[PDB]
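Peer 1: show me the folded form of this:
(one chain, ligands or ions: 11)
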Amino acid sequence: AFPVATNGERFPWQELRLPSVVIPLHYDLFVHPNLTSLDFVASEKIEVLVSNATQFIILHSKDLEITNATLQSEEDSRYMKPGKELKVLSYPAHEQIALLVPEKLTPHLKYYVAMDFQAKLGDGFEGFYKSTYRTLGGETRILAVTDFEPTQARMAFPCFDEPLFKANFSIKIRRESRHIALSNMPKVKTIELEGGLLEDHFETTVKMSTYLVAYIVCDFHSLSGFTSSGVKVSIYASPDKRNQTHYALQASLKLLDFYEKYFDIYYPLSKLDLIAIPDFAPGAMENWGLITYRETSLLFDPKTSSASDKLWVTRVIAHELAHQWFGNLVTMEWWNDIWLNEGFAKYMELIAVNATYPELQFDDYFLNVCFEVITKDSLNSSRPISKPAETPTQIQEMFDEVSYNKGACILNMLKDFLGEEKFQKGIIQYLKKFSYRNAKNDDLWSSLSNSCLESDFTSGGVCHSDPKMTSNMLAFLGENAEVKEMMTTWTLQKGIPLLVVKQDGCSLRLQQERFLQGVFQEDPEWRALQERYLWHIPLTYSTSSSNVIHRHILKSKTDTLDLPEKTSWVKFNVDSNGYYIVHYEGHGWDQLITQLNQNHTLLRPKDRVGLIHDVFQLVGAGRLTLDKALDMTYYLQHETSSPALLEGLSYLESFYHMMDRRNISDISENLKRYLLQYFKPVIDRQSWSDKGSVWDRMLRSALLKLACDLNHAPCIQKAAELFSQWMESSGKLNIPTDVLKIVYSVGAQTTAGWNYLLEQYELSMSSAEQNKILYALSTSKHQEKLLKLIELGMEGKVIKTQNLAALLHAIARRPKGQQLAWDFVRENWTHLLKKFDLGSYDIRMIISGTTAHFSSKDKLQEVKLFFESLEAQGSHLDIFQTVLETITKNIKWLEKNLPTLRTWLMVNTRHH
Ligand SMILES: *[C@@H]1O[C@H](CO)[C@@H](O[C@@H]2O[C@H](CO)[C@@H](O[C@@H]3O[C@H](CO[C@H]4O[C@H](CO)[C@@H](O)[C@H](O)[C@@H]4O)[C@@H](O)[C@H](O[C@H]4O[C@H](CO)[C@@H](O)[C@H](O)[C@@H]4O)[C@@H]3O)[C@H](O)[C@H]2NC(C)=O)[C@H](O)[C@H]1NC(C)=O
Ligand SMILES: *[C@@H]1O[C@H](CO)[C@@H](O[C@@H]2O[C@H](CO)[C@@H](O[C@@H]3O[C@H](CO)[C@@H](O)[C@H](O)[C@@H]3O)[C@H](O)[C@H]2NC(C)=O)[C@H](O)[C@H]1NC(C)=O
Ligand SMILES: *[C@@H]1O[C@H](CO)[C@@H](O[C@@H]2O[C@H](CO)[C@@H](O[C@@H]3O[C@H](CO)[C@@H](O)[C@H](O)[C@@H]3O)[C@H](O)[C@H]2NC(C)=O)[C@H](O)[C@H]1NC(C)=O
Ligand SMILES: *[C@@H]1O[C@H](CO)[C@@H](O[C@@H]2O[C@H](CO)[C@@H](O[C@@H]3O[C@H](CO)[C@@H](O)[C@H](O)[C@@H]3O)[C@H](O)[C@H]2NC(C)=O)[C@H](O)[C@H]1NC(C)=O
Ligand SMILES: O=C(NO)[C@H](Cc1ccc(O)cc1)n1cc(CNS(=O)(=O)c2ccc(-c3ccccn3)s2)nn1
Ligand SMILES: *[C@@H]1O[C@H](CO)[C@@H](O[C@@H]2O[C@H](CO)[C@@H](O)[C@H](O)[C@H]2NC(C)=O)[C@H](O)[C@H]1NC(C)=O
Ligand SMILES: *[C@@H]1O[C@H](CO)[C@@H](O)[C@H](O)[C@H]1NC(C)=O
Ligand SMILES: *[C@@H]1O[C@H](CO)[C@@H](O)[C@H](O)[C@H]1NC(C)=O
Ligand SMILES: *[C@@H]1O[C@H](CO)[C@@H](O)[C@H](O)[C@H]1NC(C)=O
Ligand SMILES: *[C@@H]1O[C@H](CO)[C@@H](O)[C@H](O)[C@H]1NC(C)=O
Ligand SMILES: [Zn+2]
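Peer 2: Residues are numbered from 1 along each chain as shown. Ligands and ions are numbered 1, 2, ... in the order given. Below is the structure in question.
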């Protein structure tokens, strides 16, 4: 048959997508939450318009007791005040309710749908839920906060919980006298009810999707300032943490300005609120006018927050602010095109931080975003940027490295192609065109391809007003359709192309092929995954003679350009701005490496980190033996650009940790030696201080951490000295932030230090400190402590459970812990599920956070079996395949190149 209701009747409607016959225009929403009962009583009146006559209305509701349902109208006199009662049937399987009407409704007539509902405050990071913080005095205090994206709005009021059903919202909220209440838009009025309660009436909203509605009740304080635009920006936090909001304010004002100018679009609201929520699963959520954060994302305290931390805090404020346009002013049509929000937001981070905090050096850190997402696009299990999704759980999965980074990287790839100007003018022509409504994937390429430059040029020139037929316009319309084709290739093909370059004297044979990790070229598995995959890759290259940047658009599977000067080497994808790996056949890889050991300044600094990255990724592909990737780090002795230095190193440091976790002592013991010597010079220049530039500071941290993990006797001596000095000061002497984490994890290696550290985790007012303390706590050798941390996190009283996920991962990466963590997950999967949504980001990082590092044929089968057991019940996530392929990639990489690592390091000890 078809759906059956809770009362055992029927649902008029069978799909989980909603019906487009009734569409909502306005929500009168009223919420009265009682915070000492931990429940809420609410009501709502939805002005709807029906386009096609109907017998039944369909909404979403979940875990919501509905206790009254009427229908009124002022255009259809049958439902004239008071109005006839409706009868509701709940179909909990699609999270839908059906309101059933007495008489067929009239097309083109507005009705008001009214419901009273109630529920207990949720206790789990979604919906309208409870949250606790700690005061400085030791008091513990409660607030209630909403988190809705993507589909939990339906858990706090009945509604049409899809983006595109955009409406206006009117919120009134009732509160005790000791609380305040915030929501999306500033408060108009506060009427005093008679018992002493208060009713906050909020300015009603501009048209917006449901997942963005927010309300909060709490007792936070705030610092306020104004933009040059006239917005009141206010950072809200726990009373005692108010100090820590100053930089949030500083940066968000500067940023909100920048965004307004760059988009040519004012922020539409009158207020903008940043609040720091103590219990909060995401990094932060872009509620229009009321942005919510983990404290670690928004709060900054200078005695304890690191300079990296400030870069982080500046990044997420950049990101959420960008959503005000990309997300709220323009929302994706459906969750397939979620990258239309996140992709653009991740990218604006870069332009906006670079624009407003050049000192934060964020342009040298953006290649990590692409590099990370690349190692997941090197597997078959990867998806494309736009993929269909229908159930809640699929939608949540849609928020991943792909939706965020691949989207942000191909954007930055597009910009280099079109140029900042022509890119900005296409962005404005899109946010302006789709303001207050929705846009699908294609719409974005359309307005970015039909972008005009220098305004309209001459009004009556090359743009839409009274244009002039010229052989430029036929190539402008031709170049416009060229780019709309090329991008659509990037957005619907999974994976990332690898371009093969062969230099045969003035002749370069270009080949493209999907890049694949843990699969060789001579294999049965490889030429069947080269199915139909072909991209329009906009190439770039500089030769060894001239610094000229040539630019060709390869649209074929083979192609040949002609080199005129025919010189020493040729570096493709200059500055690395293009989403693709280049591998040189012949002596190409050999010419470039010698160039690095001779000068190395003959290749621009981005070219280098691209090479370093490209090189090692290609031994993952079998296309290069490991001794040519290691041979490159020899020039790091002279390397002066910190980015290249740190990429080089991490690769080396990855290996050391791969050698531990297994017992590969002799190799691990030699990596330790090839690092501590041969990078001794640079390590020895490092201050134990916060003095220097941002990359100076970052490199000190990176390096001093390296030597103290490798038991380098001096470093561990000095970090100990600072630690006991700190503890013998009862916290009176300050440790420089940049060695703060290193000192705690050196001190943690003893039960004293450790127990003092755990005791001060519970007393610290700086969640930046607490986070560093946790890491240190996690680095303990005893499995007694490690497990106590784990259980403390489950409880959620001492270590708040929002950290459990990340805690498990710190433990599992370290050898004395990888097993404990993996055992704990399997022995508790059911229990862990009651706390998190399978498909929540928290679950996906517990699953891959304890399995991804595995690299032996035995562990693989534990997992394939554990995953199989999960699938058996109501369970399935894409992370299952990606974990497997990754462990596989590691097994292959170990057995193909381990003897070469072993032998390379042995050789090096001979020559020096
Ligand atoms: C969430 O729900 C909680 C309860 O679960 C509510 O808290 C209660 O709120 C009600 C109403 O605000 C309170 O009820 C009133 O309490 C008075 C007693 O207060 C004493 O306080 C001091 C002690 O220092 C004495 O000096 C004083 O004389 C009292 O002994 C009663 O006397 C009240 O009755 C009289 O006054 C009212 C006020 O106008 C009149 O209407 C009556 O006719 C009557 O003459 C009244 O019963 C109750 O005390 C609160 N309890 C607690 C523990 O706080 C929250 O208000 C609610 N919050 C929200 C947002 O909904
Ligand atoms: C629901 O939200 C929409 C926004 O998406 C509201 O539309 C906006 O309505 C206002 C006022 O009706 C328009 O303001 C303008 O102000 C100047 C001031 O003098 C006036 O001269 C203009 O003629 C205009 O009214 C605004 O342009 C409009 N914006 C959009 C995008 O439509 C709508 O009013 C909201 N509905 C309710 C019931 O609140
Ligand atoms: C990060 O911010 C800096 C600061 O604006 C950006 O650098 C600037 O980029 C613009 C456009 O790329 C430069 O304009 C052009 O410069 C070249 C240099 O010769 C010139 O020939 C062109 O005709 C044009 O004037 C601008 O000069 C440059 N400023 C500086 C100080 O370098 C940078 O682009 C930003 N990065 C990103 C990724 O947005
Ligand atoms: C690796 O290649 C770079 C680029 O050629 C080398 O830097 C360059 O070194 C030469 C000297 O061998 C410099 O020449 C000098 O130029 C000044 C005027 O600019 C002139 O007045 C002097 O009499 C002298 O001829 C050249 O300027 C310099 N390039 C830059 C940008 O400063 C680098 O030294 C090479 N690495 C080596 C040789 O180890
Ligand atoms: O950016 C957002 N919204 O626009 C945030 C997440 C965020 C905020 C600031 C950042 O600098 C980066 C990411 N966000 C997602 C959701 C609902 N989906 S979720 O599955 O529960 C989930 C949470 C976090 C997820 C994540 C986190 C890193 C990478 C990939 N993914 S994914 N709510 N807020
Ligand atoms: C909703 O109503 C509209 C308009 O009454 C329907 O649109 C008509 O559909 C028929 C079907 O072939 C066409 O021949 C007409 O030309 C359409 N007219 C208009 C004005 O759109 C629509 O099919 C109805 N859909 C549902 C699901 O009820
Ligand atoms: C539903 O509305 C009617 C209107 O007369 C009211 O009497 C009734 O108490 C309401 N139900 C509730 C508040 O649960
Ligand atoms: C916050 O700033 C004020 C002003 O200097 C100071 O009195 C207070 O002690 C500060 N608190 C912290 C934790 O820095
Ligand atoms: C690779 O992915 C494709 C499409 O997602 C799928 O058909 C194929 O089964 C995958 N490879 C393997 C070995 O299963
Ligand atoms: C490594 O080898 C030594 C040699 O006996 C052994 O005692 C130790 O337990 C091994 N470590 C692991 C993790 O197997
Ligand atoms: Zn986002």
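Peer 1: drop to CA atoms for contacts and neighbour counts, all remaining ones
Peer 2: OK.
Peer 1: got the contact list for residue 59?
Peer 2: 18, 96, 97, 98, 99, 158, 159, 160, 161 (CA atoms under 8 Å, 6 or more residues apart in numbering).
Peer 1: can I get stretch 765-783 in PDB? Just the C-alpha atoms.
Peer 2: Taking Å, rounded to 0.1, in the frame of the first residue of the first chain, the C-alpha atoms of stretch 765-783 are listed here in PDB:
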ATOM      1  CA  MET A 765      39.000  30.100  32.400                       C
ATOM      2  CA  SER A 766      40.600  29.900  29.000                       C
ATOM      3  CA  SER A 767      39.200  27.300  26.700                       C
ATOM      4  CA  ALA A 768      42.400  27.700  24.600                       C
ATOM      5  CA  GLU A 769      44.400  26.600  27.600                       C
ATOM      6  CA  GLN A 770      42.000  23.700  28.400                       C
ATOM      7  CA  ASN A 771      42.400  22.400  24.900                       C
ATOM      8  CA  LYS A 772      46.200  22.400  25.100                       C
ATOM      9  CA  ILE A 773      46.000  20.800  28.600                       C
ATOM     10  CA  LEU A 774      43.800  18.000  27.100                       C
ATOM     11  CA  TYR A 775      46.400  17.200  24.400                       C
ATOM     12  CA  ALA A 776      49.100  17.000  27.100                       C
ATOM     13  CA  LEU A 777      46.800  14.800  29.200                       C
ATOM     14  CA  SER A 778      46.300  12.600  26.200                       C
ATOM     15  CA  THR A 779      50.100  12.100  25.700                       C
ATOM     16  CA  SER A 780      50.500  10.000  28.800                       C
ATOM     17  CA  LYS A 781      52.200   6.700  28.500                       C
ATOM     18  CA  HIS A 782      50.100   4.900  31.100                       C
ATOM     19  CA  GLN A 783      47.000   3.400  29.700                       C
END
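Peer 1: can you pull the buried residues of that stretch?
Peer 2: 765-781 (16 or more other CA atoms under 10 Å).
Peer 1: list of residues touching it?
Peer 2: Residues from elsewhere that reach stretch 765-783 (CA under 8 Å, 6+ apart): 136, 241, 295-296, 300-301, 304-306, 309, 740-742, 744-750, 754, 757-758, 761, 764, 785-786, 789, 807, 810-811, 814, 816-817, 820.
Peer 1: just those residues: which are in helices?
Peer 2: 295-296, 309, 740-742, 744-747, 754, 757-758, 761, 785-786, 789, 807, 810-811, 816-817, 820 (DSSP state H).
Peer 1: so which of those are also by ligand 1?
Peer 2: Among those, not one lies near ligand 1 by CA under 6 Å from any ligand atom.
Peer 1: what sits closest to the spatially most central residue of the chain if chain neighbours are left out?
Peer 2: Compute the mean C-alpha point of the chain, and by CA atoms, centre = their mean the closest residue is residue 404, 5.8 Å away. In space, and not counting its chain neighbours, residue 404 is closest to residue 343: 4.5 Å by CA to CA, 6 or more residues apart in numbering.
Peer 1: residue 271 now?
Peer 2: Among residues not flanking residue 271 along the chain, residue 232 sits closest, at 4.8 Å (CA to CA, 6+ apart).
Peer 1: in stretch 613-630, what's buried?
Peer 2: 613-626, 628-630.
Peer 1: in the stretch 601-750 of the chain, what residue lies closest to ligand 3?
Peer 2: Closest residue of the stretch 601-750 of the chain to ligand 3, CA to the nearest ligand atom: residue 606 (12.0 Å).
Peer 1: now whatever residue of the stretch 701-850 of the chain ends up closest to ligand 2, nearest residue through space, not along the chain?
Peer 2: Using CA to the nearest ligand atom, the single residue of the stretch 701-850 of the chain nearest to ligand 2 is residue 840, 31.5 Å away. Nearest non-adjacent residue to residue 840, counting by CA to CA, 6+ apart: residue 396, 6.3 Å away.
Peer 1: doesn't that neighbour fall inside a strand?
Peer 2: No. Under DSSP: H, G, I helix; E, B strand; the rest coil, residue 396 falls outside any strand and is assigned helix.
Peer 1: in the sheet, who's paired with residue 840?
Peer 2: Beta bridges link residue 840 to residue 838, judged by DSSP bridges.
Peer 1: how far away is it from residue 124?
Peer 2: As defined by CA to CA, to the nearest Å, residue 840 lies at a distance of 12 Å from residue 124.
Peer 1: any buried residues in the longest helix anywhere in the chain, and which?
Peer 2: For the chain, the helix with the greatest residue count under DSSP H is helix 879-911. For helix 879-911, burial by neighbour count (16+ other CA under 10 Å) applies to 879-880, 882-894, 897-898, 900-902, 904-905.
Peer 1: show me what that helix is packed up against.
Peer 2: Counting contacts by 3 or more CA pairs under 8 Å, 6 or more residues apart in numbering; DSSP states H and E, helix 879-911 packs against helix 626-633, helix 665-676, helix 841-851, helix 857-872.
Peer 1: can you count the residues close to the residue lying closest to residue 432 once chain neighbours are set aside?
Peer 2: Closest residue in space to residue 432, ignoring its immediate chain neighbours: residue 265 at 7.6 Å, by CA to CA, 6+ apart. Close neighbours of residue 265, defined as other CA atoms under 10 Å, add up to 14.
Peer 1: all helices for the stretch 351-500 of the chain, in order.
Peer 2: Listed in chain order, the helices of the stretch 351-500 of the chain (DSSP state H, counting those that start in this stretch) span 366-377, 392-397, 401, 407-418, 420-431, 441-449, 473-492.
Peer 1: point out the most buried one among the ones you listed.
Peer 2: Of the helices of the stretch 351-500 of the chain, the one with the most neighbours on average (mean count of other CA atoms under 10 Å) is helix 407-418, at a mean of 21.
Peer 1: that one near ligand 5 anywhere?
Peer 2: No. Judged by CA under 6 Å from any ligand atom, helix 407-418 stays clear of ligand 5, getting no closer than 12.0 Å.
Peer 1: near ligand 3 at all, that helix?
Peer 2: No. Judged by CA under 6 Å from any ligand atom, helix 407-418 and ligand 3 are separated, with a smallest distance of 7.9 Å.
Peer 1: hey, C-alpha coordinates of that helix in PDB?
Peer 2: Only the C-alpha atoms of helix 407-418 are listed here, as PDB (Å, rounded to 0.1, in the frame of the first residue of the first chain):
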ATOM      1  CA  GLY A 407      34.600  23.700  -3.700                       C
ATOM      2  CA  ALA A 408      37.000  26.400  -2.300                       C
ATOM      3  CA  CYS A 409      40.000  25.200  -4.300                       C
ATOM      4  CA  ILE A 410      38.300  25.100  -7.700                       C
ATOM      5  CA  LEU A 411      36.900  28.600  -6.800                       C
ATOM      6  CA  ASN A 412      40.500  29.900  -6.200                       C
ATOM      7  CA  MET A 413      41.400  28.000  -9.400                       C
ATOM      8  CA  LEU A 414      38.700  29.900 -11.300                       C
ATOM      9  CA  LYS A 415      39.900  33.200 -10.000                       C
ATOM     10  CA  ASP A 416      43.400  32.800 -11.300                       C
ATOM     11  CA  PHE A 417      41.900  32.000 -14.700                       C
ATOM     12  CA  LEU A 418      39.400  35.000 -14.900                       C
END
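Peer 1: and it, how far from the chain's centre?
Peer 2: Taking CA atoms, centre = their mean, to the nearest Å, one finds the center of helix 407-418 at 18 Å from the center of the full chain.
Peer 1: helix 420-431 and that helix, what's the angle between them?
Peer 2: Orientation check (axes from the mean of the first three to the mean of the last three CA atoms, to 10 degrees): helix 407-418 against helix 420-431 gives 130 degrees.
Peer 1: counting neighbours, what do you get for residue 734?
Peer 2: Neighbour count of residue 734, defined by other CA under 10 Å: 14.
Peer 1: which strand or helix spans it?
Peer 2: Applying DSSP states H and E as the criterion places residue 734 outside every helix and strand.
Peer 1: ok and the residue in the stretch 401-550 of the chain nearest ligand 2?
Peer 2: The nearest approach of the stretch 401-550 of the chain to ligand 2 comes at residue 436, 5.5 Å away (CA to the nearest ligand atom).
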